[PDB]
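So the structure is just underneath, and the comments pick up after that.
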Amino acid sequence: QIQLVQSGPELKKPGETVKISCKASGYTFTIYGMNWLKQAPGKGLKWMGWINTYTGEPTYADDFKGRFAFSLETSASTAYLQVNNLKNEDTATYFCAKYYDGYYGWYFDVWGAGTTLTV
Amino acid sequence: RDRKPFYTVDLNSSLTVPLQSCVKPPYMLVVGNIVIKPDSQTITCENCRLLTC
Amino acid sequence: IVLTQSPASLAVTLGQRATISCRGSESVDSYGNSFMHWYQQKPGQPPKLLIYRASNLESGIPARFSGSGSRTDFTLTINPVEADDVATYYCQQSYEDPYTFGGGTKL
Amino acid sequence: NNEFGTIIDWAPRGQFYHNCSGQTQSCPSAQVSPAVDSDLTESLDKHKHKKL
Ligand SMILES: *[C@@H]1O[C@H](CO)[C@@H](O[C@@H]2O[C@H](CO)[C@@H](O[C@@H]3O[C@H](CO[C@H]4O[C@H](CO)[C@@H](O)[C@H](O)[C@@H]4O)[C@@H](O)[C@H](O[C@H]4O[C@H](CO)[C@@H](O)[C@H](O)[C@@H]4O)[C@@H]3O)[C@H](O)[C@H]2NC(C)=O)[C@H](O)[C@H]1NC(C)=O
Ligand SMILES: *[C@@H]1O[C@H](CO)[C@@H](O[C@@H]2O[C@H](CO)[C@@H](O)[C@H](O)[C@H]2NC(C)=O)[C@H](O)[C@H]1NC(C)=O
Ligand SMILES: *[C@@H]1O[C@H](CO)[C@@H](O[C@@H]2O[C@H](CO)[C@@H](O)[C@H](O)[C@H]2NC(C)=O)[C@H](O)[C@H]1NC(C)=O
């Protein structure tokens, strides 16, 4: 089955950087893009962007264009989300999800386990 | 298909229409192995046919 | 596209119908498909998609859940409410960047 | 576009395609011609079918 395993929780401070791993198992990594989702505790979900696993080209939302970097490792089928110069507004859970493909298929059936982050 | 939208375009044909296109004098058509040389600005042909339609 | 999901918190007893209403600032219908989706999220867990494209029951979801919705107006129905339905339900939009989720609805 | 001169044409040319803007990475970007040269010569009386 398709399963997206994320990294364990990590502790950080403002000014540092975090690397997050999301290894995909059960499908061809190059045919499906990887989506990154952020959820501040007690609030709704926000879409950050996706990375083209066929070309590597990263895309970001209008409210996440500032200090975010999407990278992936094709050989190990792992994608990396990088947050630089952490702030106090970055305390949120970060989700990696596989979209349901097809026409306007920006809805997600397989989600990552989760990764709690505090700064 | 596979719980996703699927779009099919079907086209069929059983009709063809024959046409005829003609020029009128003082115009004609030269049909054959026509060779154009851009350096010398020459048009040459051996055993072309003169046609109207 | 902004989404307004009502009610903010719904209190329904077991064995009774529960109805959640979601709206949108713009239509999400494209080429014969309405792109509105319903998710369920229990605390400490990632959301699970319940109804996709406003009318389709996801594989593995029990038959109690059922979806419906017209242009710009969509609803979620749970007739036989049980004790495991205590969670938050979000209506999601997949027609336009950034594909915004819903605020939430407690039940 | 060569040593014989440059010829251009501002009339439209039609083909089948997918918009692919705002879509996932599985949207094909190739354009398709529904009819080819053999559809005008081979098997004139025979019925022709095209499926996309
Ligand atoms: C504009 O000018 C063009 C000039 O090209 C005209 O095109 C001609 O159109 C006519 C019809 O109007 C065509 O005539 C058709 O030719 C065929 C004849 O069959 C040939 O092949 C069989 C073997 O398969 C031989 O036995 C036979 O002797 C011929 O060599 C057939 O397609 C047609 O006849 C068939 O259909 C009719 C009706 O369905 C039956 O009654 C017949 O028995 C037979 O089954 C027909 O005769 C002609 O070939 C065209 N010339 C070409 C392509 O060069 C355009 O008509 C003209 N347009 C206008 C509007 O004036
Ligand atoms: C493509 O096929 C359709 C049927 O799928 C054809 O339409 C029929 O044509 C026959 C024969 O002339 C008529 O008797 C019918 O009334 C037509 N309609 C239907 C619904 O059957 C159509 O002619 C074909 N197209 C071409 C260009 O030949
Ligand atoms: C693909 O669909 C999009 C969305 O409708 C089209 O983008 C529109 O383009 C027109 C003409 O330039 C603009 O006025 C609109 O603002 C665009 N809408 C958007 C970006 O949401 C696009 O033209 C389509 N591509 C095609 C038909 O090739």
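Order determines the names: the first chain of the structure tokens is A, the second B, and so forth; residues in each chain are numbered 1 upward, and ligands are numbered 1 upward as they are shown.
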
- Task: Output the neighbourhood of ligand 1 as a PyMOL selection string, that is, all protein and nucleic acid residues with some atom at most 6 Å from the ligand, counting only C-alpha atoms and all ligand atoms.
- Result: chain B and resi 18-20

- Message: Give me, as an MDAnalysis selection string, the set of residues whose atoms come within 12 Å of any atom of ligand 3, counting only C-alpha atoms and all ligand atoms.
- Response: (chainID A and resid 104) or (chainID C and resid 1 26 28:31 95:97) or (chainID D and resid 15:23 29 31)

Could those residues be written to a file, using N, CA, C and O atoms, as an mmCIF file, in the first residue's frame?
```cif
data_model
loop_
_atom_site.group_PDB
_atom_site.id
_atom_site.type_symbol
_atom_site.label_atom_id
_atom_site.label_comp_id
_atom_site.auth_asym_id
_atom_site.auth_seq_id
_atom_site.Cartn_x
_atom_site.Cartn_y
_atom_site.Cartn_z
ATOM 1 N N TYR A 104 -8.070 18.470 -12.219
ATOM 2 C CA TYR A 104 -8.179 19.285 -11.006
ATOM 3 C C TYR A 104 -8.028 18.428 -9.752
ATOM 4 O O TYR A 104 -8.809 18.518 -8.805
ATOM 5 N N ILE C 1 -10.400 32.245 -3.781
ATOM 6 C CA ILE C 1 -11.673 31.657 -3.382
ATOM 7 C C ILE C 1 -11.689 31.399 -1.883
ATOM 8 O O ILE C 1 -10.864 30.648 -1.364
ATOM 9 N N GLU C 26 -16.721 31.573 -5.164
ATOM 10 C CA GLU C 26 -16.775 31.351 -6.599
ATOM 11 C C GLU C 26 -17.162 29.904 -6.866
ATOM 12 O O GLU C 26 -17.017 29.032 -6.006
ATOM 13 N N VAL C 28 -17.045 26.121 -8.409
ATOM 14 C CA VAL C 28 -15.970 25.141 -8.523
ATOM 15 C C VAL C 28 -16.388 24.003 -9.447
ATOM 16 O O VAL C 28 -15.907 22.873 -9.313
ATOM 17 N N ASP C 29 -17.281 24.291 -10.390
ATOM 18 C CA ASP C 29 -17.748 23.305 -11.356
ATOM 19 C C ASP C 29 -16.965 23.456 -12.655
ATOM 20 O O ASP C 29 -16.841 24.566 -13.183
ATOM 21 N N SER C 30 -16.442 22.343 -13.166
ATOM 22 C CA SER C 30 -15.615 22.362 -14.368
ATOM 23 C C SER C 30 -15.883 21.115 -15.195
ATOM 24 O O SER C 30 -15.602 20.000 -14.746
ATOM 25 N N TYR C 31 -16.424 21.313 -16.400
ATOM 26 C CA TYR C 31 -16.556 20.261 -17.412
ATOM 27 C C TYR C 31 -17.313 19.044 -16.883
ATOM 28 O O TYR C 31 -16.918 17.896 -17.097
ATOM 29 N N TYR C 95 -10.030 23.613 -7.029
ATOM 30 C CA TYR C 95 -10.179 24.212 -8.346
ATOM 31 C C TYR C 95 -9.226 25.374 -8.599
ATOM 32 O O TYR C 95 -9.009 25.729 -9.762
ATOM 33 N N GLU C 96 -8.634 25.959 -7.558
ATOM 34 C CA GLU C 96 -7.813 27.148 -7.745
ATOM 35 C C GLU C 96 -6.716 27.223 -6.691
ATOM 36 O O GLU C 96 -6.949 26.930 -5.515
ATOM 37 N N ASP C 97 -5.530 27.630 -7.132
ATOM 38 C CA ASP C 97 -4.408 27.890 -6.242
ATOM 39 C C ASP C 97 -4.819 28.954 -5.222
ATOM 40 O O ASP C 97 -5.312 30.020 -5.609
ATOM 41 N N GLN D 15 -5.849 22.127 -33.588
ATOM 42 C CA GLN D 15 -5.402 20.838 -33.081
ATOM 43 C C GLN D 15 -6.089 20.578 -31.748
ATOM 44 O O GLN D 15 -6.663 21.481 -31.136
ATOM 45 N N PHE D 16 -6.030 19.326 -31.303
ATOM 46 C CA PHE D 16 -6.527 18.954 -29.985
ATOM 47 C C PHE D 16 -5.395 19.000 -28.967
ATOM 48 O O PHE D 16 -4.278 18.555 -29.243
ATOM 49 N N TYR D 17 -5.689 19.541 -27.787
ATOM 50 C CA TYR D 17 -4.672 19.705 -26.758
ATOM 51 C C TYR D 17 -5.337 19.746 -25.388
ATOM 52 O O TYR D 17 -6.564 19.797 -25.265
ATOM 53 N N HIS D 18 -4.502 19.713 -24.355
ATOM 54 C CA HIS D 18 -4.925 19.857 -22.971
ATOM 55 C C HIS D 18 -4.347 21.145 -22.406
ATOM 56 O O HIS D 18 -3.185 21.475 -22.661
ATOM 57 N N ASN D 19 -5.168 21.877 -21.651
ATOM 58 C CA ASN D 19 -4.749 23.183 -21.149
ATOM 59 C C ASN D 19 -3.520 23.062 -20.252
ATOM 60 O O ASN D 19 -2.549 23.814 -20.408
ATOM 61 N N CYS D 20 -3.543 22.125 -19.306
ATOM 62 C CA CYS D 20 -2.422 21.758 -18.444
ATOM 63 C C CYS D 20 -2.033 22.844 -17.447
ATOM 64 O O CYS D 20 -1.152 22.605 -16.614
ATOM 65 N N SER D 21 -2.654 24.020 -17.493
ATOM 66 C CA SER D 21 -2.356 25.086 -16.547
ATOM 67 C C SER D 21 -3.226 24.917 -15.311
ATOM 68 O O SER D 21 -4.447 24.767 -15.420
ATOM 69 N N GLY D 22 -2.597 24.945 -14.139
ATOM 70 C CA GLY D 22 -3.307 24.655 -12.911
ATOM 71 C C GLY D 22 -3.597 23.191 -12.693
ATOM 72 O O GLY D 22 -4.456 22.854 -11.875
ATOM 73 N N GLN D 23 -2.910 22.308 -13.407
ATOM 74 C CA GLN D 23 -3.103 20.872 -13.305
ATOM 75 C C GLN D 23 -1.886 20.224 -12.661
ATOM 76 O O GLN D 23 -0.861 20.864 -12.423
ATOM 77 N N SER D 29 1.166 17.501 -22.501
ATOM 78 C CA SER D 29 1.292 18.781 -23.183
ATOM 79 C C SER D 29 1.383 18.653 -24.698
ATOM 80 O O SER D 29 1.475 19.674 -25.385
ATOM 81 N N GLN D 31 0.221 18.079 -28.576
ATOM 82 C CA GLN D 31 -0.941 18.380 -29.397
ATOM 83 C C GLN D 31 -1.155 17.272 -30.420
ATOM 84 O O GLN D 31 -0.202 16.660 -30.909
#
```

- Task: Give the residues close to ligand 2, within 12 Å, counting only C-alpha atoms and all ligand atoms; write them as a ChimeraX atom specification.
- Result: /B:10-17 /D:44-50

Now that the selection is made, can you save its residues with C-alpha atoms as a CSV table (one decimal), in the first residue's frame?
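The resulting file, out.csv, is reproduced below:
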```
chain,number,residue,atom,x,y,z
B,10,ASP,CA,-15.1,10.1,-31.0
B,11,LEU,CA,-15.0,11.0,-34.7
B,12,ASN,CA,-16.4,9.0,-37.6
B,13,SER,CA,-16.7,9.6,-41.3
B,14,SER,CA,-18.4,7.9,-44.2
B,15,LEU,CA,-18.4,10.9,-46.6
B,16,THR,CA,-15.8,12.2,-49.0
B,17,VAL,CA,-16.3,15.0,-51.6
D,44,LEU,CA,-12.2,6.2,-49.4
D,45,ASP,CA,-15.3,4.0,-49.4
D,46,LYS,CA,-14.4,2.4,-46.0
D,47,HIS,CA,-15.7,4.1,-42.9
D,48,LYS,CA,-13.2,5.9,-40.8
D,49,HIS,CA,-13.2,6.2,-37.0
D,50,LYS,CA,-11.0,8.3,-34.7
```

Excluding segment 6-12 of chain C and any residue of its chain fewer than 2 positions from it, enumerate the residues within 9 Å of it, using only C-alpha atoms, and give them as a PDB file with N, CA and C atoms, in the first residue's frame.
```pdb
ATOM      1  N   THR C   4     -16.784  29.424   3.345  1.00  0.00           N
ATOM      2  CA  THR C   4     -17.462  29.597   4.623  1.00  0.00           C
ATOM      3  C   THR C   4     -18.239  28.325   4.932  1.00  0.00           C
ATOM      4  N   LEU C  14     -26.927  10.731  19.149  1.00  0.00           N
ATOM      5  CA  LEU C  14     -26.800   9.494  18.392  1.00  0.00           C
ATOM      6  C   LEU C  14     -28.117   9.127  17.721  1.00  0.00           C
ATOM      7  N   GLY C  15     -28.019   8.579  16.511  1.00  0.00           N
ATOM      8  CA  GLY C  15     -29.194   8.159  15.774  1.00  0.00           C
ATOM      9  C   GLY C  15     -29.952   9.267  15.085  1.00  0.00           C
ATOM     10  N   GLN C  16     -29.350  10.446  14.936  1.00  0.00           N
ATOM     11  CA  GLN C  16     -30.013  11.592  14.333  1.00  0.00           C
ATOM     12  C   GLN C  16     -29.159  12.151  13.203  1.00  0.00           C
ATOM     13  N   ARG C  17     -29.828  12.755  12.225  1.00  0.00           N
ATOM     14  CA  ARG C  17     -29.142  13.302  11.062  1.00  0.00           C
ATOM     15  C   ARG C  17     -28.303  14.516  11.444  1.00  0.00           C
ATOM     16  N   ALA C  18     -27.127  14.625  10.830  1.00  0.00           N
ATOM     17  CA  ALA C  18     -26.236  15.764  11.005  1.00  0.00           C
ATOM     18  C   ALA C  18     -25.922  16.358   9.639  1.00  0.00           C
ATOM     19  N   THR C  19     -26.065  17.676   9.519  1.00  0.00           N
ATOM     20  CA  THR C  19     -25.908  18.369   8.246  1.00  0.00           C
ATOM     21  C   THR C  19     -24.914  19.510   8.399  1.00  0.00           C
ATOM     22  N   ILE C  20     -23.910  19.539   7.526  1.00  0.00           N
ATOM     23  CA  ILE C  20     -22.897  20.587   7.501  1.00  0.00           C
ATOM     24  C   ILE C  20     -22.980  21.291   6.155  1.00  0.00           C
ATOM     25  N   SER C  21     -23.016  22.620   6.184  1.00  0.00           N
ATOM     26  CA  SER C  21     -23.158  23.431   4.983  1.00  0.00           C
ATOM     27  C   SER C  21     -21.863  24.183   4.708  1.00  0.00           C
ATOM     28  N   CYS C  22     -21.395  24.113   3.463  1.00  0.00           N
ATOM     29  CA  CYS C  22     -20.198  24.822   3.030  1.00  0.00           C
ATOM     30  C   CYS C  22     -20.526  25.661   1.807  1.00  0.00           C
ATOM     31  N   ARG C  23     -19.988  26.875   1.771  1.00  0.00           N
ATOM     32  CA  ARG C  23     -20.189  27.800   0.668  1.00  0.00           C
ATOM     33  C   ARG C  23     -18.842  28.205   0.083  1.00  0.00           C
ATOM     34  N   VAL C  81     -25.578   8.732  13.371  1.00  0.00           N
ATOM     35  CA  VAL C  81     -24.438   9.268  14.108  1.00  0.00           C
ATOM     36  C   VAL C  81     -24.052   8.308  15.224  1.00  0.00           C
ATOM     37  N   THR C  88     -13.613  16.886  13.630  1.00  0.00           N
ATOM     38  CA  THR C  88     -13.825  18.102  12.862  1.00  0.00           C
ATOM     39  C   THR C  88     -13.855  17.763  11.378  1.00  0.00           C
ATOM     40  N   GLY C 103     -12.655  26.174   7.365  1.00  0.00           N
ATOM     41  CA  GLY C 103     -12.336  26.583   8.724  1.00  0.00           C
ATOM     42  C   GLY C 103     -12.480  25.446   9.718  1.00  0.00           C
ATOM     43  N   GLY C 104     -13.585  24.725   9.642  1.00  0.00           N
ATOM     44  CA  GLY C 104     -13.837  23.592  10.513  1.00  0.00           C
ATOM     45  C   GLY C 104     -15.280  23.564  10.982  1.00  0.00           C
ATOM     46  N   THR C 105     -15.670  22.425  11.547  1.00  0.00           N
ATOM     47  CA  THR C 105     -17.013  22.251  12.098  1.00  0.00           C
ATOM     48  C   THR C 105     -16.936  21.165  13.160  1.00  0.00           C
ATOM     49  N   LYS C 106     -17.153  21.546  14.416  1.00  0.00           N
ATOM     50  CA  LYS C 106     -17.087  20.601  15.519  1.00  0.00           C
ATOM     51  C   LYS C 106     -18.383  19.810  15.625  1.00  0.00           C
ATOM     52  N   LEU C 107     -18.251  18.508  15.848  1.00  0.00           N
ATOM     53  CA  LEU C 107     -19.405  17.626  15.959  1.00  0.00           C
ATOM     54  C   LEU C 107     -19.035  16.350  16.701  1.00  0.00           C
TER      55      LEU C 107
END
```

- Task: Would you mind listing what lies within 6 Å of residue 38 of chain A as a PyMOL selection string, with only C-alpha atoms counted and same-chain residues fewer than 4 positions away left out?
- Result: chain A and resi 46+93-94

Keeping N, CA and C atoms for every residue in the selection just given, could you write it to a file as an mmCIF file, in the first residue's frame?
```
data_model
loop_
_atom_site.group_PDB
_atom_site.id
_atom_site.type_symbol
_atom_site.label_atom_id
_atom_site.label_comp_id
_atom_site.auth_asym_id
_atom_site.auth_seq_id
_atom_site.Cartn_x
_atom_site.Cartn_y
_atom_site.Cartn_z
ATOM 1 N N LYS A 46 -3.548 24.724 5.686
ATOM 2 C CA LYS A 46 -3.072 25.632 4.653
ATOM 3 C C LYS A 46 -2.160 24.880 3.696
ATOM 4 N N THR A 93 2.191 21.803 12.733
ATOM 5 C CA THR A 93 2.420 20.478 12.177
ATOM 6 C C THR A 93 2.541 20.568 10.661
ATOM 7 N N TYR A 94 3.478 19.809 10.103
ATOM 8 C CA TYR A 94 3.751 19.830 8.674
ATOM 9 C C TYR A 94 3.442 18.464 8.078
#
```

- Task: Hey, list the chain A side of the contact with chain C: 8 Å cut-off, only C-alpha atoms, answer as JSON, numbers by chain.
- Result: {"A": [43, 44, 45, 46, 47, 48, 49, 61, 62, 95, 104, 105, 106, 107, 108, 109, 110, 111, 112, 113, 114]}

With C-alpha atoms retained, could you export that selection as a PDB file, in the first residue's frame?
```pdb
ATOM      1  CA  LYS A  43      -6.703  26.218  13.261  1.00  0.00           C
ATOM      2  CA  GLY A  44      -7.407  25.046   9.724  1.00  0.00           C
ATOM      3  CA  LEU A  45      -5.149  23.559   7.071  1.00  0.00           C
ATOM      4  CA  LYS A  46      -3.072  25.632   4.653  1.00  0.00           C
ATOM      5  CA  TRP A  47      -1.506  24.519   1.371  1.00  0.00           C
ATOM      6  CA  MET A  48       2.144  25.488   0.964  1.00  0.00           C
ATOM      7  CA  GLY A  49       3.004  24.111  -2.467  1.00  0.00           C
ATOM      8  CA  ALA A  61       1.656  29.431  -2.471  1.00  0.00           C
ATOM      9  CA  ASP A  62       1.162  33.189  -2.278  1.00  0.00           C
ATOM     10  CA  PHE A  95       2.115  17.235   6.422  1.00  0.00           C
ATOM     11  CA  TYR A 104      -8.179  19.285 -11.006  1.00  0.00           C
ATOM     12  CA  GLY A 105      -6.831  16.614  -8.694  1.00  0.00           C
ATOM     13  CA  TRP A 106      -5.609  18.859  -5.880  1.00  0.00           C
ATOM     14  CA  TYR A 107      -7.263  16.750  -3.195  1.00  0.00           C
ATOM     15  CA  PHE A 108      -5.338  14.368  -1.005  1.00  0.00           C
ATOM     16  CA  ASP A 109      -6.131  10.751  -0.137  1.00  0.00           C
ATOM     17  CA  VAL A 110      -2.781   9.600   1.304  1.00  0.00           C
ATOM     18  CA  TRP A 111      -1.253  11.768   4.031  1.00  0.00           C
ATOM     19  CA  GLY A 112       1.960  11.673   5.997  1.00  0.00           C
ATOM     20  CA  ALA A 113       2.006  10.607   9.626  1.00  0.00           C
ATOM     21  CA  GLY A 114       2.880  14.116  10.808  1.00  0.00           C
TER      22      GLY A 114
END
```

- Task: Write out as a PyMOL selection string each polymer residue whose atoms come within 9 Å of residue 52 of chain B, counting only C-alpha atoms; drop sequence neighbours fewer than 2 positions from it.
- Result: chain B and resi 21-25+27-30+50

Go ahead and write the selection's residues with N, CA and C atoms as a PDB file, in the first residue's frame.
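File selection_32.pdb, as written:
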```pdb
ATOM      1  N   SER B  21     -10.089  22.097 -59.089  1.00  0.00           N
ATOM      2  CA  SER B  21      -9.607  23.472 -59.016  1.00  0.00           C
ATOM      3  C   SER B  21      -8.911  23.833 -60.319  1.00  0.00           C
ATOM      4  N   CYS B  22      -9.271  24.983 -60.884  1.00  0.00           N
ATOM      5  CA  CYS B  22      -8.776  25.393 -62.190  1.00  0.00           C
ATOM      6  C   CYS B  22      -8.337  26.850 -62.174  1.00  0.00           C
ATOM      7  N   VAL B  23      -7.349  27.156 -63.010  1.00  0.00           N
ATOM      8  CA  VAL B  23      -7.000  28.527 -63.349  1.00  0.00           C
ATOM      9  C   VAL B  23      -7.425  28.774 -64.791  1.00  0.00           C
ATOM     10  N   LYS B  24      -7.477  30.047 -65.166  1.00  0.00           N
ATOM     11  CA  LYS B  24      -7.918  30.393 -66.505  1.00  0.00           C
ATOM     12  C   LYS B  24      -6.829  31.159 -67.245  1.00  0.00           C
ATOM     13  N   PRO B  25      -6.819  31.109 -68.576  1.00  0.00           N
ATOM     14  CA  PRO B  25      -5.852  31.902 -69.326  1.00  0.00           C
ATOM     15  C   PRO B  25      -5.958  33.366 -68.955  1.00  0.00           C
ATOM     16  N   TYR B  27      -3.261  32.226 -67.389  1.00  0.00           N
ATOM     17  CA  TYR B  27      -2.528  31.464 -66.390  1.00  0.00           C
ATOM     18  C   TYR B  27      -2.592  29.974 -66.695  1.00  0.00           C
ATOM     19  N   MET B  28      -1.509  29.271 -66.363  1.00  0.00           N
ATOM     20  CA  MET B  28      -1.426  27.825 -66.513  1.00  0.00           C
ATOM     21  C   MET B  28      -0.634  27.246 -65.350  1.00  0.00           C
ATOM     22  N   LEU B  29      -0.595  25.918 -65.289  1.00  0.00           N
ATOM     23  CA  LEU B  29       0.161  25.193 -64.281  1.00  0.00           C
ATOM     24  C   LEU B  29       1.195  24.305 -64.957  1.00  0.00           C
ATOM     25  N   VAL B  30       2.413  24.322 -64.425  1.00  0.00           N
ATOM     26  CA  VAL B  30       3.497  23.464 -64.888  1.00  0.00           C
ATOM     27  C   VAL B  30       3.701  22.386 -63.835  1.00  0.00           C
ATOM     28  N   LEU B  50       1.829  20.791 -69.160  1.00  0.00           N
ATOM     29  CA  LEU B  50       1.053  22.009 -68.984  1.00  0.00           C
ATOM     30  C   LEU B  50      -0.393  21.637 -68.693  1.00  0.00           C
TER      31      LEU B  50
END
```

- Task: Between atom CA of residue 72 of chain A and atom CA of residue 42 of chain A, measure the distance and give it in Å to one decimal.
- Result: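 Rounded to one decimal, the two atoms are 29.6 Å apart.
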
- Query: Rounded to one decimal in Å, what is the spacing between atom CA of residue 20 of chain A and atom CA of residue 101 of chain A?
  - Reply: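 A separation of 24.1 Å between them.
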
- Message: Between atom CA of residue 102 of chain A and atom CA of residue 40 of chain A, what distance in Å does the model show, to one decimal?
- Response: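 Atom CA of residue 102 of chain A sits 29.0 Å away from atom CA of residue 40 of chain A.
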
- Task: Using only C-alpha atoms, find which residues of chain A lie within 10 Å of chain D and jot them down as a ChimeraX atom specification.
- Result: /A:30-33,50-55,99-106

- Check every residue of chain B for an atom within 10 Å of chain C, counting only C-alpha atoms, and provide those that qualify as a list in words.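 Close enough to count are residues 3, 4, 5 and 7 of chain B.
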
- Message: Based on the backbone DSSP call, show me all residues of chain B assigned strand (DSSP E), as a ChimeraX atom specification.
- Response: /B:10-13,29-31,35-37,42-44,49-51

Please produce a file of the residues just selected, as a compact mmCIF listing (two decimals), in the first residue's frame, where the atoms kept are N, CA and C atoms.
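selection_22.txt was written with the following content:
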```txt
# COMPACT_ATOMS: atom_id res chain seq x y z
N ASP B 10 -14.85 11.01 -29.91
CA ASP B 10 -15.14 10.06 -30.98
C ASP B 10 -15.44 10.82 -32.26
N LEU B 11 -14.79 10.42 -33.35
CA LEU B 11 -15.03 11.00 -34.66
C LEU B 11 -15.18 9.87 -35.67
N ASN B 12 -16.21 9.96 -36.51
CA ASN B 12 -16.42 8.98 -37.56
C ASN B 12 -16.77 9.69 -38.86
N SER B 13 -16.45 9.04 -39.97
CA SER B 13 -16.70 9.62 -41.29
C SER B 13 -17.04 8.51 -42.27
N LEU B 29 -0.60 25.92 -65.29
CA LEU B 29 0.16 25.19 -64.28
C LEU B 29 1.20 24.31 -64.96
N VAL B 30 2.41 24.32 -64.43
CA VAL B 30 3.50 23.46 -64.89
C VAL B 30 3.70 22.39 -63.83
N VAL B 31 3.56 21.13 -64.24
CA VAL B 31 3.56 20.00 -63.32
C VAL B 31 4.66 19.03 -63.73
N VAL B 35 12.83 22.13 -60.77
CA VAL B 35 14.04 22.44 -60.01
C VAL B 35 14.22 23.95 -59.99
N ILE B 36 14.45 24.50 -58.80
CA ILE B 36 14.66 25.93 -58.61
C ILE B 36 16.06 26.12 -58.05
N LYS B 37 16.86 26.93 -58.74
CA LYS B 37 18.21 27.26 -58.28
C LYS B 37 18.22 28.69 -57.77
N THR B 42 17.18 30.40 -61.53
CA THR B 42 16.77 29.63 -62.70
C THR B 42 15.73 28.59 -62.29
N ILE B 43 14.71 28.43 -63.13
CA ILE B 43 13.73 27.36 -63.01
C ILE B 43 13.88 26.46 -64.22
N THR B 44 14.08 25.17 -63.98
CA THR B 44 14.34 24.21 -65.04
C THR B 44 13.47 22.98 -64.83
N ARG B 49 4.41 18.80 -67.73
CA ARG B 49 3.16 18.89 -68.46
C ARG B 49 2.50 20.23 -68.16
N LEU B 50 1.83 20.79 -69.16
CA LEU B 50 1.05 22.01 -68.98
C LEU B 50 -0.39 21.64 -68.69
N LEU B 51 -0.93 22.18 -67.61
CA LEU B 51 -2.28 21.84 -67.16
C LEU B 51 -3.05 23.10 -66.81
```

- Within 12 Å of segment 8-15 of chain A, counting only C-alpha atoms, which residues show up once you throw out same-chain ones fewer than 3 positions away? Write them as a list in words, please.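 The contact residues come out as residues 5, 18, 19, 20, 21, 22, 67, 83, 84, 85, 86, 87, 88, 89, 90, 91, 92, 93, 94, 112, 113, 114, 115, 116, 117, 118 and 119 of chain A.
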
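Taking only C-alpha atoms, the non-local environment of residue 3 of chain A within 7 Å (same-chain residues fewer than 5 positions away omitted) comprises residues 24, 25 and 26 of chain A.
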
- Out of chain D, which residues get helix (DSSP H, G or I) from DSSP, as a list in words?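 After running DSSP on the backbone, chain D has helix (DSSP H, G or I) at residues 38, 39, 40 and 41 of chain D.
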